[PDB]
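To start, the structure itself, in structure tokens.
When we count neighbours, we look across all protein chains shown, and the Cβ atoms used for this are built from the backbone with ideal geometry, even at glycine. Since every read-out is calculated from the coordinates, none of them should be taken as a lab result.
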Amino acid sequence: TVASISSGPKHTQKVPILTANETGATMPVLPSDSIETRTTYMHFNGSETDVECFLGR
Amino acid sequence: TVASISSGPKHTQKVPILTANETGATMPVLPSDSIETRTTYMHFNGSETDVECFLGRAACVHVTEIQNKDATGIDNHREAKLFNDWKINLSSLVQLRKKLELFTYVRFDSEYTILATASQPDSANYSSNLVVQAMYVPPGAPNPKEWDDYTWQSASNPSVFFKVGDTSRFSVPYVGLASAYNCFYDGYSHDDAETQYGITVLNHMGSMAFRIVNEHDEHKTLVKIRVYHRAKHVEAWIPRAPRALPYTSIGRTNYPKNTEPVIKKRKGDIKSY
Amino acid sequence: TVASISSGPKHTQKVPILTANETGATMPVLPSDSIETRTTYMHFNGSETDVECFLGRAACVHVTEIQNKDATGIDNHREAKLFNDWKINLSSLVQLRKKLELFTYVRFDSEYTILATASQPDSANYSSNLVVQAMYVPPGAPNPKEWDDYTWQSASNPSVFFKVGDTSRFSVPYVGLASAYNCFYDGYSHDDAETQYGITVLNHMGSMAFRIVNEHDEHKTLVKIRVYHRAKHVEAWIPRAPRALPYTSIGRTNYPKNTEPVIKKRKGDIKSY
Amino acid sequence: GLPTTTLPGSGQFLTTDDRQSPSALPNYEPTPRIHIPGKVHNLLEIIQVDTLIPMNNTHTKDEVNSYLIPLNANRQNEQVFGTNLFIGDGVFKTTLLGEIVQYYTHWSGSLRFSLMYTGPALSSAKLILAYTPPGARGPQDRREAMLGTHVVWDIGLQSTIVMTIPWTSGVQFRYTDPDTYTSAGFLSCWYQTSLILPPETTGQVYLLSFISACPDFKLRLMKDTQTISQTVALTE
Amino acid sequence: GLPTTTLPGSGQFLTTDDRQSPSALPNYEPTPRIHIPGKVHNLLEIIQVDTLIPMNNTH
Amino acid sequence: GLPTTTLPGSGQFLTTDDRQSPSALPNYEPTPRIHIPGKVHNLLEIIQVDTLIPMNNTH
Amino acid sequence: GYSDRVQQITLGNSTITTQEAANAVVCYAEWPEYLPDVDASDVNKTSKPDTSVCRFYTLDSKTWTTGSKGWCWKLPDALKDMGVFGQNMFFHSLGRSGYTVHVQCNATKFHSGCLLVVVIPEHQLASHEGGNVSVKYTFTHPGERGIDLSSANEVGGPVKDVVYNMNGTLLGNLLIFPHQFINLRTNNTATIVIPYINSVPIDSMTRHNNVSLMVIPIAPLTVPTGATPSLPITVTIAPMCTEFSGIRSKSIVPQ
Amino acid sequence: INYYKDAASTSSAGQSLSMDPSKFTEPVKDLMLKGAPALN
Amino acid sequence: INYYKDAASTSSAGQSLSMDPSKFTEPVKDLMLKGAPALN
Amino acid sequence: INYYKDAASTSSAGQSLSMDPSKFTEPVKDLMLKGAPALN
Ligand SMILES: Cc1cc(CCCOc2c(Cl)cc(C3=NCCO3)cc2Cl)on1
Ligand SMILES: Cc1cc(CCCOc2c(Cl)cc(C3=NCCO3)cc2Cl)on1
């Protein structure tokens, strides 16, 4: 799984960082929408935040 | 496997025993390069020198003590040993320390065994049966102030309840921040001019807290806790020179002043046997 | 299997019962060589005379004793039995000794059982519950000086913690230097004129050390340790004459002076029944 | 309900046993491993790297000088140094080899002893190193020394000489803590001809000496080292 | 009778262990589940919804 | 957790029983065996060698 | 006619030639390489100035005399002020690097002396005070000057006792670390290639030094008769495969 | 191996490995594409 | 048989049986052959 | 079933069922046949 993909300079008409929060959504913006990133992998599953785990001790 | 091959007289232009140590290599010279040998087999694998084996037996890492007594009128439970803690660390005891410091970075799961025995140094009718409660307060967790706090509820904190005289055992995954535990660290927390130096700044994984669940009987009971640690699934990188001088502190390399010569002086000459 | 075959009258030139013992052989003569027999079967295998069976049951090899008491002001823990040791050896007790000395060289794994019971010879309110710690100090290891030394940390030394009244058990591989244990050794350490003689020089495998983990209660408690040893995976070479006279020392063959006749004198003649 | 019987040893804690345990942190995900140069797998890997021996032990406080074996120009027939081979004690004891051997009870195998010469390049020398197998005394003169394992070393362009103490033994293991029956011999070194310094040069020259184990080597039965102890627990 | 040995840790209660237990109510039948909008499975699902920060903390 | 019941005899030490035990020296390698003439396997092997009888016991 | 003896290292816009080498050591048998993605954590693209940072900087020279005890430099500290390497260093949040170290000392065939040149990963120093006294920042960040083991104890500084490696271990065992000797009679330089060694993929270049380079006289310098009794030792070091990441404002560090 | 008959007596459940924040993070009626204008 | 779910809870690891001293004993850049001259 | 890893930890060995007294009862160099004269 990639945690971040590689992304480079941008000069577009397509701006993912401008939104309208009045709508009630949290738009899924990522580091790679606003800086230049390199690939990295997650190495993690989110196992210990499962509700079974959270309420299970 | 052969430990030595058979080899006979030599009169060559090819001399394996002359080398240049300035290069930094240790050339792999064998008995058969300089005497006449006979075949012999190894009969041995080097099993018990594997690092998993070397670091894999339980070592005592900590001895603490708590007492069961009437807390009535005690203004500071922590101070009365109504309950103690041990800001977790494996540098306390030096037996296991020297072994670990043979490497720079080390990675392993831990298996803890906790033995608890009771003592009744002054007149008691009997020996009571107490139940110990060991809870690991992760850093950034409500620290027990009292001995029957709300913290002891440990609803999200892994805790174990066992009887005095008995042993508790479990295991913990490698909870290191990095890819491995730093046995040494030549750096600081941040670019300060007074900030501490060493690993004592890197190894901040909270502390363990013990206490006796039972209320107080008429006499007082001393319970002494011994924590044993066994590394399992060991991985070690970059060997270093063994520790020669005595240790003075958890987490610093410092040795004591006016220490004694560590190399044994000859009783005789260089020429002596 | 037949134990005896059927055999009838004989009038031969072939006499199996006349031999020459000067040769060193024991000729395999049977009942059927000299009387008339009938067939009978063995019905038996000789299972319980196998050397594995003969040396394979636990035998008491050592009884020692340690006490739990206030060490305050004791200048010599070892001397107060605040903790004892037993420079390991299987020659102490003679019951298992005689059995072993039926052979010259012996090779086996050991299974140890350690029983510990407590005694309170003088007025106590109760019986405390103590935990014993048996650690094997391999030769060339820091010997415990005190009862709560740094040695007891035993971070590289195999150690076991069990409760008094209970038993501890484990097993040890054959830790002999050679290919087998020398039951006898007609030699010395080196070509000296005063150096000791025997095996006591060959059997130097350190000692075992016991101690009570618990601090001291108001009364004193005597704990007496009994070590049992069972050979498993036995291999024995070269049978010898059984021991006739009493033993005097671990590791020497010496018998006591003015000992008594070991052969029972007849009450009567050679002719007596 | 299945019927069971418990045996002697139940409830004991043996620091050397290896069993499963419940994890206190169910479901936790450890940090990924990244690559780090230098991984060690066996202590046998590292005791083959040679390290310096403080052979010149004759000082009174630890000094850089006890690593230096001095050599005198123009001496003939004489002896450069001597030592027994109790690798767990004496000169050997602080070396990495000595230091690891001390974690085990028994050792067997060949040792590699080398000498690197540091005198001016325009000097010359011929030394003899001799290994004396157990059973005889430390040699007292080269004649005595030269009848056992030896190497005539000719000091040249090639700066180091590697002598091997081949495993000579009845018993297949020796104890690391010095023991008689189990003793390994002596190592001595003498002038074969003599050190000669070029003009305009003077004084003592020194040899550095190293020790490491051959691939031959075996160590067994782990135990605690006499090389470290303590009187109270340390704190931060 | 099968021979056993008990290890260190026997009888301990670790609040984080996960094992089977006898049911006190043998054979009881729980109420059927009906559908309810909003099921959460991971705390990671909810920390992606944004909420307001009291940035102006100065009161 | 599997349900068990312990029988009479639990915890006893019978010097003649034969069971497994943990090794105190995990991973240790014993010295190789070499050949030695004279191996004995059964006491029945040796009681077939004859030895002298002090028949004249009258001393 | 290639000898182990003559060598040329060209890195960036700078070249070194030695006509009296003794092979070269590559720590742990690994050559410096960039940070692979599979090992990456920070999502930032990194900056690889290449030839402007990966060239040879020659630190100021030392003087070996008969009384010398040895010198110690820390990396990347020693280079904190060299050209654009240094700027990059103060300006990014994180950086990573390997190095080629070339230590130089020539004499004549009448001199004797032997230096140990060793690289110690994570060399945590000891306070000469004992106990749990710390070693202040400035003291472990000497810069190009390095630490002079024959200088006096100072307060808040490390201990400078040579037979203990500045940490409670014996000089004799430093040979377990990648190292090479300079024996006037053999050798005139020492070269060690250092791969990046850390427990994290990239780190801060200012709060943590990841190797100390140490040059220690072991067989004392002995000059020919009526020669001047000293020789200079020069250290030239080149960052290799350097990467910087997390650019911003420019760190301010004590003193 | 379950040793017991009832389902309540079994150990903890096993990870949902379900995970879908959109019911919480994007409950909008007309779908919003990142990059397209929020309000048209 | 593992009785437990997590990997940390398993027993000790099993012998590397890896063993390669050359990273420590021969980290030289140009390969040295035993028997050939050290410095050419 | 061995529960333990090391060989020393296994139970007692099992009967040699070897049994050959001739090394002890007839170690003579030239073979003696029962019934034939001892000394010829
Ligand atoms: C090095 C090193 C290793 C460790 C161990 C980290 C802390 O580990 C524990 C955890 Cl995660 C839990 C418990 C615990 N949970 C219930 C009882 O004890 C104890 C410890 Cl030591 O610290 N420094
Ligand atoms: C003959 C003969 C046999 C032995 C036995 C050798 C020593 O064996 C032991 C070992 Cl290796 C370990 C332990 C031990 N480890 C943890 C507790 O006891 C005890 C003994 Cl006797 O000595 N002479």
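Here are some notes:
- Selected from G:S230, B:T195, C:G46, residue furthest toward positive end of dipole (the protein assembly as shown; charges at beta carbon): C:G46
- Between chain J and the stretch E:1-28, the alpha-carbon centres lie 50 Å apart.
- Binned Cα-Cα distance frequencies in chain C - 10 Å width, integer %: 5, 20, 23, 21, 14, 8, 6, 3, 1, 0
- For the stretch G:23-35, 3J(HN,Hα) per residue [Karplus equation, 6.51 cos²θ - 1.76 cosθ + 1.60, θ = phi - 60°, Hz, x = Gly/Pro]: 6, 7, 10, 10, 2, 6, 6, 10, 9, x, 9, 6, 7
- Taking each DSSP H run with n ≥ 4 as -39500 (n - 2.57) and averaging over every residue of chain C yields -1000 deg cm²/dmol at 222 nm.
- Long-range amide H partners of B:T167 with built H, under 5 Å: E:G9
- Max mean-square fluctuation residue, GNM over chain D, Cα-Cα springs under 10 Å, options D:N27, D:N65, D:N57: D:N27
- Taken one residue at a time, the phi angles of the stretch J:4-17 give Karplus couplings (6.51, -1.76, 1.60, θ = phi - 60°) of 10, 7, 8, 6, 6, 9, 7, 7, 4, 6, x, 8, 2, 6 Hz. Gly and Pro are set to x.
- Note on chain E: dipole from Cβ charges, positive end direction compared against E:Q48, E:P22, E:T5; the farthest Cα belongs to E:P22.
- Selected from C:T72, C:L90, C:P173, residue furthest toward positive end of dipole (chain C; charges at beta carbon): C:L90
- Simple spin-label estimate for F:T6 and C:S123 in nanometres, 7 Å along Cα-Cβ: 3.6 nm
- Using C-alpha pairs under 8 Å with a sequence gap of at least 6, the mean separation divided by the residue count of chain G gives a relative contact order of 39 percent.
- Along the stretch G:12-22 the Karplus relation, 6.51 cos²θ - 1.76 cosθ + 1.60 evaluated at θ = phi - 60°, assigns HN-Hα couplings of x, 10, 10, 10, 10, 10, 10, 9, 8, 7, 9 Hz to successive residues, with x for each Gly and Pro.
- Note on G:156-169: average number of Cβ atoms from other chains within 10 Å of each residue's Cβ is 6.
- Assuming charge only on the beta carbon of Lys and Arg (+1) and of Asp and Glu (-1), the dipole of chain H about its Cα centre is about 0 debye to the nearest 20.
- Annotation for the stretch C:208-233 versus the stretch B:182-248: alpha-carbon center distance of 31 Å.
- Across B:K99/C:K163; D:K126/I:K34; B:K232/C:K224; B:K87/G:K80, pairs whose alpha-carbon gap is larger than 25 Å: B:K99/C:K163; B:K232/C:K224; B:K87/G:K80
- Each peptide in B:218-231, B:184-197, D:93-106 was scored by the mean count of other Cβ atoms within 10 Å over its residues; highest first, the order is D:93-106, B:218-231, B:184-197.
- For A:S6, nonlocal amide neighbours, meaning residues 5 or more places apart or on other chains whose placed amide H falls under 5 Å from its own, are A:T39.
- Looking at chain H, the pairs of alpha carbons with a distance over 12 Å make up 74% of the total.
- Cα centroid separation - the stretch A:15-57 against the stretch B:49-112, whole Å: 38 Å
- Averaged over the residues of B:81-89, the number of partner chain Cβ atoms lying within 10 Å of the residue Cβ comes to 1.
- Anisotropy class assigned to the protein assembly as shown is oblate, per the alpha carbon gyration tensor with a/c at or over the 1.5 cut-off and a/b no larger than b/c.
- Each helix, a run of at least 4 DSSP H residues, gives -39500 (n - 2.57); summed and divided by the residues of chain F, these come to -1000 deg cm²/dmol at 222 nm.
- Taking every residue in C:41-51 and counting other chain Cβ atoms within 10 Å of its Cβ, the average works out to 5.
- Listed peptides G:142-150, D:47-55, C:81-89, C:115-123 by packing density, highest first (mean Cβ within 10 Å): D:47-55, C:81-89, G:142-150, C:115-123
- Residue among D:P139, D:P32, D:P215 with the largest mean-square fluctuation in a Gaussian network model of chain D, springs linking Cα atoms under 10 Å: D:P32
- Rel. contact order, % - alpha carbon contacts under 8 angstrom, at least six apart, chain A: 50 percent
- Normalised by the number of residues in chain C, the mean separation of alpha-carbon contacts (under 8 Å, six or more apart) gives a relative contact order of 30 percent.
- 14 Å Cα-Cα reach of J:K23 towards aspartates and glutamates, excluding residues that sit fewer than 8 places from it in its own chain: F:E45, F:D50
- When +1 charges are put on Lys and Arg Cβ atoms and -1 charges on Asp and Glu Cβ atoms, the dipole computed for chain D relative to its Cα centre reaches about 420 debye.
- The alpha carbons of the stretch G:101-221 occupy a box of 46, 35, 26 Å along the principal axes, longest dimension given first.
- Using Cβ point charges alone (K and R +1, D and E -1), the dipole size of the stretch C:131-194 about the Cα centre works out to roughly 480 debye.
- Comparing C:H233, C:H11, C:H77 in a Gaussian network model of chain C, where Cα atoms under 10 Å apart are tied by springs, the biggest mean-square fluctuation is seen for C:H11.
- Residues whose placed amide H lies under 5 Å from that of F:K39, excluding near-sequence neighbours: C:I238
- Rounded, prolate or oblate (a/c below 1.5 giving rounded, otherwise prolate when a/b exceeds b/c) for chain E by Cα gyration tensor: oblate
- Taking 11 Å as the cut-off, the amide N atoms of the stretch B:133-164 that come nearer than this to a point 7 Å along the Cα-to-beta-carbon line of B:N214 belong to B:163-164.
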